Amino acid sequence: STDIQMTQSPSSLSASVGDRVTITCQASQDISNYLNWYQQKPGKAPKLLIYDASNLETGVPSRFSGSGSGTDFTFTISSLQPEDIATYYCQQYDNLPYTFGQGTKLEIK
């Protein structure tokens, strides 16, 4: 088994407050729903937002969502807020080693 590569796009984006943010990840192997989305702010650890492709982690605002199963996944922020400025990552958990996408750095326009 080759390590699973997660292809995340875009690498950076800017948008305005309220805008819809759309990030994609494609897994190099079928990973079912074993895909998480994390938010990382400077100097902090990744924080789990979406687990098992589409489940909202406790305490996380509902503007955050995920979809997909198999190889193609999408993460959405339906209305971008100032506090959401961070780098986001997809990560797969189907098989060790757990692998991250390359990240998407968000900024406000």
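For every residue, the number given is its place in the sequence shown, counted from 1.
Visitor: Which has higher Cα B-factors on average according to the PDB entry: 77-85 or 54-62?
Guide: It is 54-62 that shows the higher mean C-alpha B-factor.
Visitor: Against its chain's modelled residues, does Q5's Cα B factor rank lowest, middle or highest third?
Guide: For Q5, the deposited C-alpha B-factor lands in the middle third.
Visitor: Of the three thirds of its chain by CA temperature factor, lowest, middle or highest, which one includes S69?
Guide: Highest third.
Visitor: Going by what the PDB entry lists, where does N33 fall on CA B-factor within its chain: lowest, middle or highest third?
Guide: Highest third.
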